[PDB]
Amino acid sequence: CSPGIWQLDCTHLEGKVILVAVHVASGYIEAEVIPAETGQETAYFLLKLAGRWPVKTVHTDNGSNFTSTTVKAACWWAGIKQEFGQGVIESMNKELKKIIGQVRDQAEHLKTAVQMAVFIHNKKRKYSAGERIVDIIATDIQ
């Protein structure tokens, strides 16, 4: 519920790798299709994420994905630390896969379908996650 906590995980679909970042307090999602699970891709994603949102701590369900020199250097430079302290994260990753399946025919490539699904998830109201994160961040500014 703290506004700087994000959850990062990878999932697999059609032989490809989808990196999914969830803003825990709001359920707002950022995702990316990457060619392979590598430290360089995780580091680049963290650096991008932290330049766009105030990323204070990152949690993950696979701690070993954060052990590479490259990843630690990105967290070091951006000032990110590892979160050492549930149902939100489960529901967001599972709803994402459902939406991807729904819009899969609308897109030539998986990566396009993934961004359509992120779009749909963040705008769908039940307020939307996208409205909740800006409200959470803007109120925290005060």
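Position 1 is the first residue in the sequence shown; the rest follow in order.
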Sequence continuity check, residue 85 and residue 86 (deposited residues unmodelled): 4 to 9
Count class of deposited residues lacking coordinates, residue 126 to residue 127: 4 to 9
94-102 versus 41-49 - greater average Cα B-factor per the deposited record: 94-102
53-61 or 32-40, whichever carries the higher mean Cα B-factor: 32-40
Position of residue 110 among the chain's modelled residues by C-alpha B-factor, lowest, middle or highest third: middle
Ranked C-alpha temperature factor of residue 16 among modelled chain residues, by third: highest
Third of chain Cα B-factors occupied by residue 89: highest
